[PDB]
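Student:
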Amino acid sequence: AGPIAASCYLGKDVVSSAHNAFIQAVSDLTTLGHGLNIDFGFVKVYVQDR
Amino acid sequence: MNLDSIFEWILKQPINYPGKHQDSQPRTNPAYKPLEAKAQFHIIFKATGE
Amino acid sequence: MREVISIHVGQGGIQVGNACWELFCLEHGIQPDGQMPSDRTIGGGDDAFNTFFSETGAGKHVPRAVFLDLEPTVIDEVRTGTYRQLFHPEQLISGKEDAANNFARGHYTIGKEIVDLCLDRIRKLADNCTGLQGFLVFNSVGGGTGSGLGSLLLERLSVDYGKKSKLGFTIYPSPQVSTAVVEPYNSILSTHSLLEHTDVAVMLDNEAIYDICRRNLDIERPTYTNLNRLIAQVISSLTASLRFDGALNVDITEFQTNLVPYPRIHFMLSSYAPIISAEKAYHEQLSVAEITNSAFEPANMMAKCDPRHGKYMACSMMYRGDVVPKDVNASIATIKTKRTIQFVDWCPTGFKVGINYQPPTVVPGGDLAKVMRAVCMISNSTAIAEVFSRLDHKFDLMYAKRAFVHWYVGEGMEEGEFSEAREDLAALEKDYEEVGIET
Amino acid sequence: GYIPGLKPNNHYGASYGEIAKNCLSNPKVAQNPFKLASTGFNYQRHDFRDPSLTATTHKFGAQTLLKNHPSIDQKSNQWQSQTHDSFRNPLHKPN
Amino acid sequence: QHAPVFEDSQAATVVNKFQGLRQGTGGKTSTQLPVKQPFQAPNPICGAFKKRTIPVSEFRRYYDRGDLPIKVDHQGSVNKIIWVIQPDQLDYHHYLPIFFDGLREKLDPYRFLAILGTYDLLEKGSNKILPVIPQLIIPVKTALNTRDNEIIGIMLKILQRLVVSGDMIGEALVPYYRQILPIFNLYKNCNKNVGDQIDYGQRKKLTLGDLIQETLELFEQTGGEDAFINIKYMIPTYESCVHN
Amino acid sequence: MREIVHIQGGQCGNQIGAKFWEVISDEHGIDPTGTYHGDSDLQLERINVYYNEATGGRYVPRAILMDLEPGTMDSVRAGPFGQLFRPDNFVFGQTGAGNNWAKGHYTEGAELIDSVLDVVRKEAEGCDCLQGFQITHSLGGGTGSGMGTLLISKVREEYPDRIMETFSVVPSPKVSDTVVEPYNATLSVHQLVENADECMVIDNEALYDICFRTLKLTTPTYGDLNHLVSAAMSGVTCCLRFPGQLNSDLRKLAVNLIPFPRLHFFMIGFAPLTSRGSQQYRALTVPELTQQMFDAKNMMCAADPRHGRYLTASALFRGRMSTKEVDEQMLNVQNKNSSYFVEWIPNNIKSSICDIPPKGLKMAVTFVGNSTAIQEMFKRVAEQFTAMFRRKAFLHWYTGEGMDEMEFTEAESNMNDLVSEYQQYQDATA
Amino acid sequence: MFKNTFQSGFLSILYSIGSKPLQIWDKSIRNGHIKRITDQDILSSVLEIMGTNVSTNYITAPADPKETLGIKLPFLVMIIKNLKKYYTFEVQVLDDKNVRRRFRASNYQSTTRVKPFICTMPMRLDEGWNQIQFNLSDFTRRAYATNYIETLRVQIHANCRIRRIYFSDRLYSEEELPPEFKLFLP
Ligand SMILES: Nc1nc2c(ncn2[C@@H]2O[C@H](COP(=O)(O)OP(=O)(O)OP(=O)(O)O)[C@@H](O)[C@H]2O)c(=O)[nH]1
Ligand SMILES: Nc1nc2c(ncn2[C@@H]2O[C@H](COP(=O)(O)OP(=O)(O)O)[C@@H](O)[C@H]2O)c(=O)[nH]1
Ligand SMILES: [Mg+2]
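Same order as they appear, the protein sequences are chains A, B, C, D, E, F and G. For the first sequence, position 12 matches number 12 in this note's numbering, and the numbering has no gaps at all. Count along the second sequence starting at 1, add 50, and that's the number in this note's numbering. Count along the third sequence starting at 1, add 100, and that's the number in this note's numbering. Count along the fourth sequence starting at 1, add 539, and that's the number in this note's numbering. Count along the fifth sequence starting at 1, add 634, and that's the number in this note's numbering. Count along the sixth sequence starting at 1, add 878, and that's the number in this note's numbering. Count along the seventh sequence starting at 1, add 1308, and that's the number in this note's numbering.
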């Protein structure tokens, strides 16, 4: 997360904490339904119910 | 959820996902103004995709 | 000439009866075999045991007690104990099937098959007595068997004997400590049953006794035996005024005349002092002033209630030992001058004091030490409304969703039986606040 | 500070002083069953094998537990708690 | 679609001083230092009130079949169906389950033809509707499972008409309470505490809580003696009505 | 007094029952010859709950062994402690079910069920006052899952007010040994939910996971799984057979655990479970027992408890321990995990104490908890069943002897009905 | 609060036809619901109180406690629709001595007993709409043998339909009853 913060002109610690909260998308996935399409660019990840 | 409704879901419950991402952080360069809590948290992901 | 009969119903009643009868036997010097030793006489005078025991004519003595249960495990424990020859073998009435915490089962299904034998044995015990004083009943209120059988027994003895005094010592569930999941239901049903049938009720919540054991007795993992021993000590202190001489005697019949302002209000809480371990019992004076100060401490209440949240209505004092009336009067004056405790306006004096000469009896294998002076706290206050109010909300949460109601409906009890019990609770609560307001 | 036996096998409902006395005046908590030295040579003297095993495979593989369990002494709480007089006198203290 | 430029949206009062590497909790082990709050799983909510993703209906296919005698007539103010061949001649064993399957449909005119077709079918039928009852259990559970207010609201009205249309229908429906009652429990208390002001929605019976209560009311009187205990077993909240 | 009678069916049921009876025999000090060589007097006071006295002073279990093939009972008789059983209680056919629920419920089960009803009627009538029945069977097989359910229906019809308790082995999808598991599983659940008073579900995958992780033994065999199941099931009636601070028979547990009649499916667990080499180092105390008990991996099911809310839970403690500590630990765990406990059932934990520990332990705990997480197990079973049933595969075998697809359709719909009504109470609020 | 105020023949406390039928009344609800809807039996608007847990859901005549809703009228009467379920109501009464009494009428209760504060009484409801004339004269004269001077509160619990509460002061029949107090037969 070093170079990412350098390009974003933010602290290194906050970017890592920002990653950690987003990685807790399994709780959103564990609940029923709640389909996902995580693109953020070239690769698109589609998650149906499970 | 289109990777953006996730942002509201995380921002909706500060107690479940406490951290520095919940509030805005100052930038490392005085030229750039600090961003919104939602705005600063998207711009990290665009950097990660790149 | 004076006699009382103890009726123990349910597992909790039996387990506390064991401790209290052991205490009585040790206090009166009767060996577990029932035979007083030819030598080593510990008590002077005659017929002191006559209040609690009956003389067979030649030899042993038999307690004026009867044990009731629907499940035989604890009955067999008692029957194979060290007191097998103490009790009459046919007065330990044991059932066949357990009601399984079902008040309807204990009031409509299987308690009726036994209540006939219960009343037969009760009559065979009572007709022996001539100057009978009253009945003592012990029962855990959060159990189906205890609640239902106690309700039926009080109902039957209300019409069989009428005006005779009956004392009920319930053990209410703690505000947050509990063992079952349905105790509010049968607790409310039992309160409805016994509201109009008993004369005096005593609150004996287990959480307060746990707190007393932890703070004072210095016990970190107490069990039920210690609680039963303290309850037995309280009962013995209450009953010592009957079988022992004293400067100021107090009779059971002189309770409604001093502690019951209105027929509806007869629930009250107890406390006891001193409670100290032998490791530090001999390092302080144990003066009457400090023991009566400890008695009025809100943290020493035998039930989880705060007297500071309400006004005091009546309060009865029983001192046993070498206490002096002038010292008692000085202590009463000090308590009156204290501001933290406030009484109602329509009661100028609310203290009744009893003095006894016999010091409390110590038990080997117990926890308490030997002390000259002990005071029993018996008081009626408006603060007991909170225990009724909290269980009312405990009931409503489950009752709104018809939770666990089919188990009681299928045992012959109508669905609407809960509503009138709830109405009786609501009317009782409104009575407490109505009395508590000033004029 | 650390009354020795009171933690592992929890002591029952009783005064802390009495149970401390009971677990201090009891045997063990000392003595050399293996005659081991804390310096580290009787380690090479000793064997370190527990004689509480058997074998396994092709039928059942759980094995019975170590001797850290009671036996024969199984007896109810009412038997312990309620006895009449057969104890030490609480207030004897010979003079 | 529009989305604000994320690199521009900014905050003002937050101060731009940056601590940087000049940091550290080492050597300052005070008892007032902050601790982490670890992530905890949120409260599970499941899908009790989620949508059901309504399944496909056979009525739409059977209307495209061109083998159901029914026509939309626009001569009236409200469109009224006309029977090419009178319903008395039709075989209720074959057609009646199909029309019940159309209750799920929402697209015009499949939704329109379903309710109107059913009402005429039940109203004109006299005695042959009874043997069809076993075959009607499948559609009623499917539609009620959709968990949608409009479809549930209309078809509870259908259920009320079925019981009252003829005699002896309530008695035969008693064994089949177990397959339709559980939905009634969920929406039994689904009522609004309006308070004092007038509720103008009486004209359109769209209140689910009131509809369920009256539908269960009709079940008890017509079901018979055994009807009440079956309802109380299925739903615990219920209370007797015919009994005094 | 308050005796119960054991009935085991199928190969899996007999394998469970053999180990259970061996464990009970060692618990009560009964040698494989039937002679009492015990050391404590309490070992014989309540022997009549499970054992019958015969002339000559030997004890025989009142177990009825039922199967549709004589192969497995010849094996269970020849095994250790196989001489305890009365040879007249063995009942069998000569054909077998062939993992076909229809054949084990309509064609072959009906003609053989008369003898088993006769023998169980004799056994139940002989005893003074019956308390209940217990059944051990698997839902993945033909003869068991069918004939046992038919027998439970018959026994419930003849005895309306008695307690029926059963142990279920449910086929998980990850480890599956039969290609036709969903069919008979759904068909059996349909009747089981209607008939049984109490049901307990055991998953083989959970047993293997426990054996590999907690016990950390290299090669588990079916002996170890049976041992765990037997210990867990004996922990239920330990308090009925022995005294305790808070006695609580089977009837008391049901009243406190089933709020509504159709919700009687539970998951169980036993503590402590430790590896052989790590027993010198652990200190057995109540908080340790509770924290190992409430662990998700300790449960005997693939259902994960934090995916749903505990309706009610029950803990049975074996051995002597203080009452205050148990209550404080229960309150502590209830307050610490308030999210997983439903809020309209306050104080939803039940605790009982039995003073006699199991053979080889100073303390032991059995856990029974009713959680809404079992809805996942029902959902996954139906998905496979409908997947196979949409194309009508493996259907002619069941429909060749008098069944029709309407029965399968109503069985599937009833199972979904249970799922809906069971998840309804998860999200309900005050 | 209806003290030092004139009343001769009738005095209404609640009436379902108005902009706001209840000002003085206070509503407390836990699991129930309150609304005003028209009736199919009588083509007029009627108030609705329904819900489980009969005791918790109720409405009190005075908005707040710690004051008196004093009224001298001896005869009480209500208009209630029979829903064939549980329903009950209470009234607070003052006798010659300066002490208060409670009178209770319960649908599901089957026994009666007199107490110094509460005097419960079973009651029976016929089918359809009906009016109940609560005497309040002999009730205090029979239960406590004391005259009546003043009645304080009236309380209605859940699961009932209410059209009008008023005091008749005496036994009245339909012909002398004014039309607005009359319930016109459908
Ligand atoms: N103070 C005290 N209370 C006890 C004791 N044992 C049980 N209780 C209380 O009794 C309640 C339950 O009743 P049980 O002990 O099961 O006995 P029961 O009242 O006859 O009910 P049944 O089991 O149906 O026979 C528990 O909630 C405890 O609070 C005890 O030894 N001392
Ligand atoms: N716990 C346990 N499960 C077993 C054992 N043997 C078989 N099973 C399970 O039982 C299932 C097969 O059941 P089956 O033998 O056909 O039942 P039956 O037809 O009634 O005899 C398999 O999925 C196994 O997981 C055993 O010894 N122990
Ligand atoms: Mg009991």
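Even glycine gets a Cβ: it sits at the ideal position worked out from N, Cα and C.
1) State the DSSP-derived secondary structure class of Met-1281(F), mapped to helix, strand or coil.
2) Could you tell me if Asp-1295(F) is buried or exposed, where buried requires 16 or more neighbouring beta carbons within 10 angstroms of its beta carbon?
3) So if I measure from each beta-carbon to every heavy atom of ligand 3 and keep distances below 6 Å, which residues remain?
4) For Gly-234(C) and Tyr-261(C), I'd like the C-alpha separation in whole angstroms.
5) Give the interface partners of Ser-489(C) over in chain F, defined as CB-CB distance under 8 Å, in chain order.
6) At a CB-CB cut-off below 8 Å, which residues of chain F make contact with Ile-679(E)?
7) Use the C-beta contact count for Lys-380(C): other C-beta atoms within 10 angstroms, 16 or more gives buried, fewer gives exposed.
8) Give me, in chain order, the residues of the same chain whose beta-carbon lies closer than 6 Å to that of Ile-1227(F); leave out the 5 immediate sequence neighbours on both sides.
9) Any idea if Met-1199(F) is buried or exposed, counting beta-carbon neighbours within 10 angstroms, 16 or more meaning buried?
10) Write down every uninterrupted run of the alpha helix (DSSP H) in the stretch 1158-1226 of chain F whose length is 4 residues or greater and which is fully enclosed by it, in chain order.
11) Give the DSSP-derived three-state secondary structure of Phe-451(C) in the structure shown.
12) What does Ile-4(A) reach in chain B if we use C-beta pairs closer than 8 Å?
13) Closer than 7 Å, Cβ to Cβ, to anything on chain E: give me those residues from the stretch 24-43 of chain A, in chain order.
14) Starting from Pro-1060(F) and walking both ways along the beta strand (DSSP E), at which residues does that stretch end?
15) Report yes or no: is there a C-beta of chain G within less than 7 Å of the C-beta of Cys-875(E)?
16) By the three-class DSSP mapping on this structure, what secondary structure does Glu-103(C) have?
17) Ordered along the chain, which non-local residues of its own chain (more than five positions away) have a Cβ less than 6 Å from that of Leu-267(C)?
18) Taking C-beta to C-beta, are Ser-1016(F) and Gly-895(F) nearer than 7 Å?
19) Since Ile-1387(G) sits in a beta bridge, which residues does DSSP pair it with?
20) May I ask whether a heavy atom of ligand 2 can be found less than 6 Å away from the beta carbon of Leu-1103(F)?
21) List the residues of chain C that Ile-1426(G) touches, going by C-beta distances under 7 Å, in chain order.
22) Report yes or no: is there a C-beta of chain E within less than 7 Å of the C-beta of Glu-58(B)?
23) Please confirm if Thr-593(D) has its CB atom under 7 Å from at least one CB of chain F.
24) To the nearest angstrom, how far is it from the Cα of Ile-335(C) to the Cα of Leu-563(D)?
25) Which first and last residues belong to the alpha helix (DSSP H) in which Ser-7(A) is found?
26) Would the beta-carbon of residue 1342(F) fall within 7 Å of that of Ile-1080(F)?
27) Taking only runs that begin and end inside the stretch 254-342 of chain C, name each unbroken alpha helix (DSSP H) of 4 or more residues, in chain order.
28) Should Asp-1055(F) be counted as a contact of ligand 2 given a C-beta to heavy atom distance under 6 Å?
29) Taking 6 Å as the cut-off, is the C-beta of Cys-1179(F) nearer than that to any heavy atom in ligand 2?
30) Quick one: Cα of residue 546(C) to Cα of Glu-171(C), how far?
31) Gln-720(E) versus chain G: which residues are under 8 Å apart at the beta carbon?
32) Relative to chain F, which residues along the stretch 318-343 of chain C have a C-beta separation below 7 Å, given in chain order?
33) Can you say whether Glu-1261(F) is buried or exposed, counting buried as having 16 or more other CB atoms within 10 angstroms of its CB?
34) Cα-Cα, which of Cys-1007(F), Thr-1021(F), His-884(F) is closest to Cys-890(F)?
35) Applying the 10 Å Cβ sphere with the 16-neighbour rule, what's the burial state of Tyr-499(C)?
36) So, using beta-carbon positions, are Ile-1146(F) and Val-1246(F) closer together than 7 Å?
Tutor: A quick look at the data gives this:
1) coil
2) Residue environment analysis places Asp-1295(F) among the buried positions, since at least 16 neighbouring C-beta atoms fall within 10 angstroms of its C-beta.
3) Working through the chain, the matches are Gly-110(C), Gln-111(C), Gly-243(C), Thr-245(C).
4) The alpha-carbon atoms of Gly-234(C) and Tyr-261(C) are separated by roughly 10 Å.
5) Going along chain F, no residue has its Cβ under 8 Å from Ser-489(C), so there is no contact; the nearest lies around 15 Å.
6) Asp-1305
7) exposed
8) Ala-1191, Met-1208, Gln-1212
9) buried
10) Here the runs fully enclosed are 1164-1171, 1201-1214.
11) strand
12) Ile-94, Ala-97, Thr-98
13) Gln-24, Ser-27, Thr-31, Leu-32, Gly-33
14) Not the beta strand (DSSP E): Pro-1060(F) falls in the alpha helix (DSSP H), residues 1059-1073.
15) Judged by the 7 Å Cβ criterion, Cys-875(E) is in contact with chain G.
16) strand
17) Setting aside the 5 residues that flank it on each side, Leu-267(C) is surrounded in the same chain by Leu-236, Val-300, each with a C-beta closer than 6 Å to its C-beta; the list follows chain order.
18) no
19) Paired residue(s): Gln-1439(G), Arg-1472(G).
20) yes
21) Residues of chain C passing the Cβ test: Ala-527.
22) no
23) no
24) 36 Å
25) 2-8
26) Any question about residue 1342(F) goes unanswered here, given that chain F covers just 879 to 1308.
27) 283-295, 306-315
28) Inclusion of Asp-1055(F) in the 6 Å shell around ligand 2 follows from its C-beta lying nearer than that to a non-hydrogen atom of the ligand.
29) no
30) Missing from the structure shown is residue 546(C); chain C here goes from 101 to 539 and no further.
31) Going along chain G, no residue has its Cβ under 8 Å from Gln-720(E), so there is no contact; the nearest lies around 34 Å.
32) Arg-321, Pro-322, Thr-323, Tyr-324
33) exposed
34) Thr-1021(F)
35) buried
36) Inclusion of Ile-1146(F) and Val-1246(F) in the CB contact set at 7 Å is warranted, their separation being smaller than that value.
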